[PDB]
Amino acid sequence: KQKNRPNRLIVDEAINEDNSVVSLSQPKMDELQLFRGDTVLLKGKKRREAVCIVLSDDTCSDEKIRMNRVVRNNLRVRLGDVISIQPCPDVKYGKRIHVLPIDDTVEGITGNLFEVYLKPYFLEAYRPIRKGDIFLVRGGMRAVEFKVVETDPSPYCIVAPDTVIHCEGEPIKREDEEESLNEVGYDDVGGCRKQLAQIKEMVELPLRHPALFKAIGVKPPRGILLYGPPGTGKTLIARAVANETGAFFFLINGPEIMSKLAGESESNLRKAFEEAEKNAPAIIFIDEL
Amino acid sequence: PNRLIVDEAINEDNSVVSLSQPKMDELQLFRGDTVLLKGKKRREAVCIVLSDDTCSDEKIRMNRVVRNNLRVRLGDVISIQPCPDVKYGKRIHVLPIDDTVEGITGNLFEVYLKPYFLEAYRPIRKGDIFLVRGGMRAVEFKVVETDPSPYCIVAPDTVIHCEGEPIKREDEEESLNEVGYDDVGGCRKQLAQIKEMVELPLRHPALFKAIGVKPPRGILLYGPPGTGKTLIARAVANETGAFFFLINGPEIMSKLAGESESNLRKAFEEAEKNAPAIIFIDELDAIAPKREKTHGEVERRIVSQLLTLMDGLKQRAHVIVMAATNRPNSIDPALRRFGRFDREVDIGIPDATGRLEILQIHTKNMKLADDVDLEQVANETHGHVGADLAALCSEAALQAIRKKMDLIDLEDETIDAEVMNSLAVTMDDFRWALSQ
Amino acid sequence: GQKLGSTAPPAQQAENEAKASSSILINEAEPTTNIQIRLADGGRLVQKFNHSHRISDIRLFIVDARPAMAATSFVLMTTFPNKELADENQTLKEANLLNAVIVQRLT
Ligand SMILES: Nc1ncnc2c1ncn2[C@@H]1O[C@H](COP(=O)(O)OP(=O)(O)O)[C@@H](O)[C@H]1O
Ligand SMILES: Nc1ncnc2c1ncn2[C@@H]1O[C@H](COP(=O)(O)OP(=O)(O)O)[C@@H](O)[C@H]1O
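Definitions and cut-offs
- Residues numbered from 1 in each chain as written, not as in the entry; some residues may be left out.
- Chains lettered and ligands numbered in written order.
- Part of a larger assembly, values for the part shown.
- Heavy atoms only, no water.
- Residues with missing side-chain atoms left out of burial classes, pairs and counts.
- Helix = DSSP H or I, 4+ residues; strand = E, 2+ residues; numbered from the N terminus.
- Rg over C-alpha atoms; globule rule 2.2 N^0.38 Å.
- Contact = heavy atoms within 4.5 Å.
- Near = heavy atom within 4 Å.
- Polar contact = N/O pair within 3.5 Å; in protein donor to acceptor, adjacent residues only side chain to side chain.
- Areas by Shrake-Rupley, 256 points an atom, 1.4 Å probe, with all protein chains shown as cover.
- Nonpolar A, V, L, I, M, F, W, Y, C, P; charged D, E, K, R; others polar.
- Domains from an automatic or database assignment.
- Expected span 1.5 Å × (residues − 1).
- Bend = angle between axes of the 7 residues up to and from the residue.
- Salt bridge = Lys/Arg side-chain N within 4 Å of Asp/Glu carboxyl O.
- Buried < 20%, exposed > 50% of the residue type's maximum accessible area, 1.4 Å probe, protein only.
- Axes fitted to C-alpha atoms, helices over the stretch in contact; angles between N-to-C directions.
- Parallel < 35°, antiparallel > 145°, perpendicular 65-115°, else oblique.
- Left-handed = near helix turned anticlockwise from the far one by under 90°.
- Pairing = 2+ DSSP bridges.
- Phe/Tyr/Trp six-rings, centres within 6.5 Å; stacked < 30°, edge-to-face > 60°.
- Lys NZ or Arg CZ within 6 Å of the ring centre and 35° of its normal.
- Buried area = accessible area lost by both parts, 1.4 Å probe.
- Disulfide = S-S within 2.5 Å.
- Patch = residues over 30% accessible without salt bridge, like charges linked within 9 Å, V, L, I, M, F, W, Y side chains within 5 Å.
- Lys, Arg positive; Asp, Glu negative; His and termini not counted.
- Charge placed at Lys NZ, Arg CZ, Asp CG, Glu CD.

Header annotation of the entry names X-ray crystallography as the structure determination method and lists the resolution as 2.90 Å.

Draft legend 1. Highlighting the overall build of chain B. Of regular secondary structure, chain B possesses 15 helices and 18 strands. Relative to the 2.2 N^0.38 estimate, which gives 22 Å for 436 residues, the radius of gyration of chain B is 24 Å and therefore close to what a compact globule would have. Seen through its principal axes, chain B has C-alpha atoms that stretch 75 × 60 × 40 Å. Within chain B, counting contacts between residues at least 6 apart in sequence, those at least 24 apart form 79% of the total.

Draft legend 2. Summary view of the site of ligand 2. Residue and element names in this part refer to chain B. Of all residues adjacent to ligand 2, which total 17 residues, the nearest are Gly 185, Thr 227, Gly 228, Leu 231 and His 362. For ligand 2, a nitrogen atom lies 2.8 Å from a polar atom in the backbone of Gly 185. At 3.1 Å, a backbone N or O of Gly 226 approaches an oxygen atom of ligand 2. The protein chains hide 77% of the 570 Å² of surface that ligand 2 would expose on its own. Here the residues of the shell around ligand 2 are counted per class, giving 8 nonpolar, 7 polar and 2 charged. For the shell around ligand 2, the domains that each give at least three residues are domain 3 (177-348) and domain 4 (350-436).

Draft legend 3. Representation of the site of ligand 1 within the structure. Residue and element names in this part refer to chain A. In the neighbourhood of ligand 1, the contacting residues comprise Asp 188, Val 189, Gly 190, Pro 230, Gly 231, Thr 232, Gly 233, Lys 234, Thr 235 and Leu 236. One nitrogen or oxygen atom from the main chain of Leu 236 is found 2.8 Å from an oxygen atom belonging to ligand 1. Calculation on ligand 1 without its partners gives an accessible area of 560 Å², and the protein chains cover 56% of this total. Taken together, the residues that form the shell around ligand 1 break down as 3 nonpolar, 5 polar and 2 charged.

Draft legend 4. Looking closely at helix α5 (residues 194-208) of chain A. Taking 1.5 Å as the rise per residue, α5(A) with 15 residues should run 21 Å; its terminal C-alpha atoms sit 20 Å apart, in good agreement. Of all the bends in α5(A), the largest measures some 30 degrees and sits at A:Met202, one to four residues before the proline A:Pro206. Against the buried residues of α5(A) lie α6 (210-214), α7 (234-243) and β14 (282-287) of chain A together with α13 (386-405) of chain B.

Draft legend 5. The pattern of salt bridges, seen in detail. Summed over all chains, the structure comprises 48 salt bridges over all chains. In this structure, A:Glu256 engages A:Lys260 in a salt bridge whose closest nitrogen and oxygen atoms are separated by 3.4 Å. Owing to a relative accessible area of 47%, A:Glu256 belongs among the partly exposed residues under this scheme. A salt bridge links B:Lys40 to B:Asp76; the shortest N-O distance between them is 2.8 Å. Taken as a pair, B:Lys40 in the loop between β3 (36-39) and β4 (43-46) and B:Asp76 in the loop between α2 (64-69) and β7 (77-81) lie far apart in primary sequence, 36 residues in all.

Draft legend 6. Structural context of the packing of helix α1 (residues 13-21) of chain C against helix α2 (residues 55-65) of chain C. All names here are of chain C. At their nearest, the axes of α1 and α2 sit 7 Å apart, and the two run at 155 degrees to each other. Relative to α2, α1 is oriented roughly antiparallel. Both α1 and α2 take part in a crossing whose hand is right-handed. Taken together, the residues of α2 that come into contact with α1 (itself represented by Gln 13, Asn 16, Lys 19, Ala 20 and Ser 21) are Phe 61, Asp 64 and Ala 65.

Draft legend 7. Representation of the sheet that holds strand β6 (residues 59-61) of chain B in the model. Residues and elements named next belong to chain B. Judged by pairing direction, the sheet is mixed, and its 5 strands sit side by side in the order β4-β3-β7-β1-β6 without closing on themselves. The open sheet has two free edges, formed respectively by β4 and β6, since each of these has just one partner strand. If you compare each strand with its neighbour and ignore which way they point, the axes differ by 40 degrees on average. Inspection of the sheet shows β3 paired to β4 by 4 bridges, in the antiparallel sense. Within the sheet, the bridge partner assigned to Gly 39 lies in β4 and is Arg 43.

Draft legend 8. Representation of the packing of aromatic side chains within the structure. For the structure shown, the criterion picks out 14 aromatic pairs over all chains. The rings of A:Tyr121, A:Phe122, A:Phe135 and A:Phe146 are connected pair by pair, giving a single aromatic cluster. A:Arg127 extends its terminal NZ or CZ atom over the ring of A:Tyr121, reaching a point 4.0 Å from the ring centre. Lying across the ring of B:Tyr181, B:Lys195 places its NZ or CZ 4.3 Å from the centre.

Draft legend 9. Representation of the domain arrangement of chain B in the model. Residues and elements named next belong to chain B. If you check the domain split of chain B, you get domain 1 (1-85), domain 2 (87-163), domain 3 (177-348) and domain 4 (350-436). Computed from C-alpha coordinates alone, the two centres of domain 1 and domain 2 are separated by 22 Å. Contacts between the two partners involve 15 residues from domain 1, matched on the other side by 11 residues from domain 2. For the pair domain 1 and domain 2, the summed buried area comes to about 1,100 Å², and 48% of that belongs to carbon and sulfur atoms. Broken down residue by residue, the surface that domain 1 buries against domain 2 is led by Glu 44, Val 46 and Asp 85, which jointly contribute 39%. The salt bridge involving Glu 44 is made with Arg 125; its shortest N-O contact spans 3.1 Å. The interface formed by domain 1 and domain 2 includes 5 residue pairs in polar contact. For the side of domain 1 that touches domain 2, the element with the highest residue contribution is β4, accounting for 4 residues. Considered class by class, the residues forming the side of domain 1 that touches domain 2 number 7 nonpolar, 4 polar and 4 charged.

Draft legend 10. Highlighting the packing of α13(B) against helix α15 (residues 427-434) of chain B. All names here are of chain B. Between α13 and α15, whose axes approach to 8 Å, the crossing angle comes to 120 degrees. The orientation of α13 with respect to α15, classified from their angle, is oblique. Crossing of α13 against α15: the hand is right-handed. Here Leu 392, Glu 395, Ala 396, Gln 399, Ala 400, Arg 402 and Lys 403 of α13 come into contact with α15, specifically with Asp 428, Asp 429, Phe 430, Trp 432, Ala 433 and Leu 434. Taken together, the residues of the contact of α13 with α15 sort by class into 7 nonpolar, 1 polar and 5 charged.

Draft legend 11. Broad picture of the interface of chain B and chain A. With 22 residues of chain B at the interface, the matching set in chain A holds 19 residues. Ranked by residue count, the leading element in the side of chain B that touches chain A is α13(B), at 5 residues. Its residues assigned to classes, the side of chain B that touches chain A comprises 10 nonpolar, 5 polar and 7 charged.

Draft legend 12. Expanded view of the state of the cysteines. Residues and elements named next belong to chain B. Enumeration over the complete set of coordinates arrives at 0 disulfides over all chains. Looking at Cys 152, it has no disulfide partner, and the nearest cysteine sulfur is the one in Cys 83, 11 Å off. By relative accessible area, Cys 152 is classed as buried at 0%.

Draft legend 13. Region of interest: the interface of chain B and chain C. Across the boundary between the two partners, chain B contributes 20 residues, which contact 16 residues of chain C. When its residues are assigned to classes, the side of chain B that touches chain C shows 10 nonpolar, 3 polar and 7 charged.

Draft legend 14. Representation of the environment of B:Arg188. Residues and elements named next belong to chain B. By secondary structure assignment, the location of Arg 188 is in the loop between β13 (159-161) and α5 (189-203). The class for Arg 188 is partly exposed, based on a relative accessible area of 46%. Residues contacting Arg 188, with those up to four places away along its chain left out, are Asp 351, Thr 353 and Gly 354. At 3.2 Å, the side chain of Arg 188 forms a polar contact with the backbone oxygen of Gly 186.

Draft legend 15. Fine view of a positive patch on the surface. Residues and elements named next belong to chain A. On the surface, a cluster of positive charge is contributed by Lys 3, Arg 5, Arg 8 and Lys 43. On the secondary structure map, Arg 8 appears in strand β1 (residues 8-12). Looking at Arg 8, the relative accessible area reads 31%, which means it is partly exposed.

And the structure:
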């Protein structure tokens, strides 16, 4: 189409809740000659990689590539960034595999995490996994995070029915650049698409392309007022928007502010704005304005 | 000498100045002459003189660009002398002024200088500072070298040098980034009165220091929000070189119940120093709401404090107090008393004509697509006020940037000029904004 | 030395200017217009004495003026709406040149 080297795509929200799945528009797969189940290799930021399976999408847009937060993270990318998708016909069913849960995701529960999570998860699915990726498994009224420690056939391998799965005692630590899939994302908000869409574009440039307004004379929005009954998800939305754009999020709560003595209240107010500007881009959320 | 009084400008072109046929006829200045203009403290400037019909024979319509280089405000006098020696140029060295480039990278020449001089035959003097709009901003350039010397007319053969360093803004040199009359649209009648009242006291201090006539000391601007009251006020301040001091309602009423009055007072104090000064009180209904609107002694101690400072304002140390509010009812009747805000200017919402003007003012730095019909846009924004249109414009622009942005146009890293200069806002962009 | 672009290219022309002027017709009976001719031939300032003449005259005039001009193609303009004197046929009155400054552009 001229410059995009036909494999550079923009990361859009996922439609299929499966983490191993990513979607492209058919007219896009044909161009890249991939198959309705072809296993692809995605390259993101911080020179990270992910191995996913591709399916066609009637609602997907030619330039964009749908994928859920799990993959989006593994790739060290946010909605709106760009990645390079590439065919990966060299993937081979894996011999052995060693994964380990993350400390905070298993605290409280005990027992065989294998037969309760890892087994039903990989079972006859044929999930292509890379080394270092972090996947999530839901069940037992919670979701456990697992980090692929080692794959037999080295960088990546497809967990076949004969693949030996090792999950030897120990819960590893969560690193700095590795967010919890327990954090709030747009996938945790339902019943708002229209409004969630308005807000997304409003903050898109100011929060994703700060530099822009540095060299521009145009005025971006500063304050956004979210109105609706209580429990509608406003707090949820604001927090979801912050994370989903990697922006600093500072919370001010009406009652909190009003519980203090007058001067203290102001103090706190300017403190919030102060701390916010130091870690910009930021989103200050006043709950119960 | 036929020295003229400087007035308003009519074509946004900087290099041009206007007189009346009657004025030009007397000195043989012909419909295009590269007239010379001398003025304040070591300042001159060469400009193309056209002619206007609505201009008065004694006044010369020029823009803030000239005016500033001429170091003069609207109302001063100038000696418009024909400049015969002005000859096409061979080379010129100009440099972008820091504060007007910080943000943009890339070749300025290609984006600004070129389209600006291209087959225009613009006559420029040394040291002059011209304004070039585009790329959603307006860069300022300083002429530091010419060849021919002193001045010249940039021709399609003149070489243009854009040496590697952005210079600084000398503090004797005002920015065109500042508010001015050309930034206000739709307010003609009212913007007229204000100038008329403030004129003498702000412009001719000495006069009152010799006569016993009472000058206007307190002007009250009404109107809904976004009408341009703060705008108007600051404009008049710059336009008349008068000291401007801002006092904001919330800011005052946020302080302690003593620190507040402390400020109101320190405010008037520092204004009496730099007079002629304009003290703008924004959101006066916040500091002095009508009688029944008050609840505590503190709220009342401040309103009173303000009334006093007003009465204390003597003819000597002339400063004019302007305050904006959303309507009469708002304010405390006491502020109306002869000696205080006895001068009231109502600034309503723009009409289809007015709206048009404002929209052009807020697009002067952007590239409008030929399919853009602002007059149409003006026609479907009834209620809308200045701020609404100004914002509407930002939305259009932003909407356009969002479109051509995903194309992976270098974004997220410090900006590139040419990139911004191509991006054009389509009538669809406004259409989208409107439906928001 | 120099470098290229997109544009174009002794004292006895006191006679050239004389013959340029003596080339004229000036209907005593007819109204005047004077013209400021900006010769592209440099910062060559020119003074006219026309009275409702046509652009062919301005053209022949420049030709009478500078020798080179006699062979070089160019167009005449009005700066600031910057329009280019299109039909070089029309009387100065129709074009609204009446006491104007026509600049020469080498095309
Ligand atoms: N639109 C929604 N979609 C999914 N869950 C929601 C939604 N709105 C509210 N919730 C749930 O209820 C809680 C209400 O959260 P909150 O955002 O704080 O409400 P509000 O700010 O509107 O008072 C959320 O944390 C979430 O678990
Ligand atoms: N009449 C106008 N002409 C051009 N711009 C205007 C006008 N009125 C408002 N604006 C724009 O909207 C903003 C509103 O400014 P402001 O003066 O602070 O409004 P107000 O005092 O009525 O609340 C201005 O900074 C300006 O950019």
